[PDB]
Amino acid sequence: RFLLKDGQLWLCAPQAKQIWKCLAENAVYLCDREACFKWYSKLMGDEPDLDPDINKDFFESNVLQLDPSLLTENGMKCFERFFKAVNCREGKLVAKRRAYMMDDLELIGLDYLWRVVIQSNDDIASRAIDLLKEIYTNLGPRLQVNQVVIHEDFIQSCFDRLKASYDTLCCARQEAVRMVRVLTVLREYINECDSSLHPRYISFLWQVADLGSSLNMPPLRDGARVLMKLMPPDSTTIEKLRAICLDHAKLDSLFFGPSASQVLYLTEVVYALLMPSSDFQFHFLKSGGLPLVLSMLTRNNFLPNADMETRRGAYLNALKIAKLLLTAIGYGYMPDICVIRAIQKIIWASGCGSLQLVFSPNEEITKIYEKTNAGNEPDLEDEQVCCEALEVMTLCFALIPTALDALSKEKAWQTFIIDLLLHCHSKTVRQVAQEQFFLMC
């Protein structure tokens, strides 16, 4: 390296092979590969030393032929510079100031840069995604009129890769990472776009989230849900609900679709429309709004095939709509006792961290309360599941004053306040528990 620093010599391809092919490509110890990777990283630093004709030769000859499964962090910065230097020399990219911004689309290295992220460990995939977002999102002149063409082409390609990866499950844990990473490609991709139109993009994604609970893969649901949330509401779905609401103004199956996850997204859509759109509240309450929200909360077959976060995610969203429904109708009767028994049962398990037991005989929920190994801590999201649940209970009791009168007699509605004020934890829930008990008083 030091000899080839100021001697003005060009590292010819023949000797470039033997230092490459026979040294690290066929090695024994991992440090042997580490040595060659970093040595290349400094060698091509900011100025070529093999001359561009060899640079376009040996990088595309066997450097790209390296197995992505055996590649480390040092393999990234050399690989990135190869993408930057080789592409900008032929006229496929431009260095510009720092970021080698896009000029062509059929890049010589994009063929296996997808392979690098699809088949690697956690750190390598992140860097590969970092490079994909760096090149794809950053677009400049001479294609600046073609955002739709480039962005849609990128989106459809991943969806095809997602769909191709999807059908394999129907190595299962390995392919599960493939969906996680290909979605991981998608999520930061749209991040720089801000700084979709196809209904199929969510319809397929609906089944994707359900498959996450089919094998109980946590990040799959997380990946799909974050992707949907960081995605402006689907045009087809938003018009469909208001059309049926308008149709019923002059729907039960809409929110009770057999697919589990799509219920969560549809509930998310309505609440987003309701909160700041002024007319949708009137249409929703008129057709079936308040009767449905209580029915979907008081029923056991609301989502029989529900994962832990899916059902509570269905809950935490549903109760949010129940707020503005009751407040609007407050200025001026379906609510009854059976509705409350569910809502109290929601908070029962919610402050226990055991919403899965929200269909328990209610004696078990007491049992975990009395210092059961200190393992009933509510999650940072179970805290809300209690919070908007309590305030809804206050609004309903304002509508029906006599309902709370009968509740004092039973054993329930006595241990309920004791648990929510003494045996509960994570004070913020207990803060609203007492405070909302005061308003009803």
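Under the entry's author numbering, the residues of the sequence shown are numbered 662 to 831, 842 to 866, 1012 to 1066, 1076 to 1101, 1110 to 1165, 1232 to 1340, in order.
From the three backbone atoms N, C-alpha and C, an ideal C-beta is built for every residue, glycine too.
Contact belief for residue i with residue j at Cβ below 8 Å, rounded distance in angstroms
{"i": "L1062", "j": "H1116", "result": "6 Å"}
{"i": "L1298", "j": "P1137", "result": "About 30 Å separates the two Cβ atoms, so there is no contact after all."}
{"i": "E767", "j": "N723", "result": "Between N723 and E767 the Cβ distance is about 21 Å, and since that is not below 8 Å, they are no contact."}
{"i": "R750", "j": "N716", "result": "7 Å"}
{"i": "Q1087", "j": "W1022", "result": "4 Å"}
{"i": "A1288", "j": "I1242", "result": "6 Å"}
{"i": "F719", "j": "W681", "result": "7 Å"}
{"i": "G1163", "j": "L1294", "result": "7 Å"}
{"i": "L1089", "j": "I1054", "result": "Contact doesn't hold; Cβ gap of about 16 Å is too wide."}
Option nearest residue i by Cα separation, candidates the options
{"i": "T1052", "options": "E741, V1094 and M737", "result": "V1094"}
{"i": "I1239", "options": "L1127, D865 and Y1096", "result": "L1127"}
{"i": "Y1017", "options": "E1276, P1049, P1035 and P1101", "result": "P1049"}
{"i": "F1080", "options": "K1045, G1121 and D1304", "result": "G1121"}
{"i": "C1286", "options": "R1145, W1312 and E1269", "result": "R1145"}
{"i": "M1100", "options": "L704, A1161 and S1019", "result": "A1161"}
{"i": "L1157", "options": "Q1255, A1085 and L1118", "result": "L1118"}
{"i": "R662", "options": "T1143, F698 and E686", "result": "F698"}
{"i": "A1305", "options": "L1289, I1236, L1294 and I1264", "result": "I1236"}
{"i": "residue 1211", "options": "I796, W775 and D765", "result": "Missing here is residue 1211; the chain as given proceeds from 1165 to 1232 without the residues in between."}
{"i": "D1026", "options": "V1331, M763, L1098 and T1143", "result": "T1143"}
{"i": "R822", "options": "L854, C842, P802 and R803", "result": "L854"}
{"i": "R803", "options": "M762, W775 and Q845", "result": "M762"}
{"i": "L1149", "options": "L1254, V806 and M1047", "result": "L1254"}
{"i": "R1041", "options": "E846, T1092 and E863", "result": "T1092"}
{"i": "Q805", "options": "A843, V1024, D764 and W775", "result": "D764"}
{"i": "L1130", "options": "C1251, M1292 and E1262", "result": "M1292"}
{"i": "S1111", "options": "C842, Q780 and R1058", "result": "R1058"}
{"i": "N1134", "options": "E813, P1083 and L1303", "result": "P1083"}
{"i": "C831", "options": "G801, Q780, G1028 and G1165", "result": "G1028"}
{"i": "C1251", "options": "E1262, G1165 and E1276", "result": "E1276"}
{"i": "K703", "options": "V689, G736, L725 and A688", "result": "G736"}
{"i": "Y1096", "options": "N1261, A1139, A1147 and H1064", "result": "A1147"}
{"i": "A1085", "options": "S866, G1039, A688 and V1024", "result": "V1024"}
{"i": "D1038", "options": "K1270, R852 and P1015", "result": "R852"}
Rounded separation between residue i and residue j - CA only
{"i": "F1113", "j": "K753", "result": "50 Å"}
{"i": "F820", "j": "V848", "result": "15 Å"}
{"i": "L1013", "j": "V810", "result": "13 Å"}
{"i": "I1060", "j": "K1066", "result": "10 Å"}
{"i": "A1248", "j": "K1266", "result": "11 Å"}
{"i": "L732", "j": "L691", "result": "10 Å"}
{"i": "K678", "j": "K1045", "result": "50 Å"}
{"i": "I861", "j": "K794", "result": "9 Å"}
{"i": "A746", "j": "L727", "result": "19 Å"}
{"i": "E734", "j": "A1273", "result": "41 Å"}
{"i": "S1259", "j": "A1151", "result": "21 Å"}
{"i": "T1314", "j": "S1307", "result": "10 Å"}
{"i": "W1312", "j": "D1278", "result": "24 Å"}
{"i": "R694", "j": "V856", "result": "28 Å"}
{"i": "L1036", "j": "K666", "result": "49 Å"}
{"i": "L1256", "j": "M1141", "result": "10 Å"}
{"i": "residue 1106", "j": "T1301", "result": "For residue 1106, no position is available: the coordinates of the chain end at 1101 and pick up again at 1110."}
{"i": "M850", "j": "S1030", "result": "14 Å"}
{"i": "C683", "j": "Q676", "result": "11 Å"}
{"i": "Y773", "j": "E1290", "result": "54 Å"}
{"i": "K757", "j": "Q808", "result": "20 Å"}
{"i": "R1132", "j": "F815", "result": "43 Å"}
{"i": "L1125", "j": "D1077", "result": "7 Å"}
{"i": "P729", "j": "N748", "result": "20 Å"}
{"i": "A843", "j": "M1339", "result": "52 Å"}
{"i": "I779", "j": "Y827", "result": "14 Å"}
{"i": "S1019", "j": "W775", "result": "25 Å"}
{"i": "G770", "j": "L725", "result": "8 Å"}
{"i": "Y1268", "j": "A1332", "result": "16 Å"}
{"i": "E708", "j": "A696", "result": "20 Å"}
{"i": "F1336", "j": "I1264", "result": "20 Å"}
{"i": "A1139", "j": "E859", "result": "28 Å"}
{"i": "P1015", "j": "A825", "result": "19 Å"}
{"i": "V777", "j": "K1056", "result": "41 Å"}
Does the count of Cβ pairs from the segment 1273 to 1288 and the segment 1320 to 1331 closer than 8 Å reach three? yes
Runs of alpha helix (DSSP H) lying entirely within the segment 1013 to 1053, each at least 4 residues, in chain order: 1016 to 1030 and 1034 to 1045
Using a Cβ distance threshold of 8 Å, determine whether the segment 667 to 680 contacts the segment 702 to 722, with at least three qualifying pairs required. yes
With three or more C-beta pairs closer than 8 Å as the rule, is the segment 784 to 799 touching the segment 735 to 755? yes
Are the segment 1241 to 1258 and the segment 1303 to 1322 touching by the rule of at least three beta carbon pairs closer than 8 Å? yes
Whole beta strand (DSSP E) runs in the segment 723 to 769 with 3 or more residues, listed along the chain? none
Any chance you could list the alpha helix (DSSP H) runs of at least 4 consecutive residues sitting entirely within the segment 1113 to 1161, in chain order? 1122 to 1131
At which residue ranges does the segment 1252 to 1282 contain complete alpha helix (DSSP H) runs of 4 or more residues, listed in the order of the chain? 1262 to 1268
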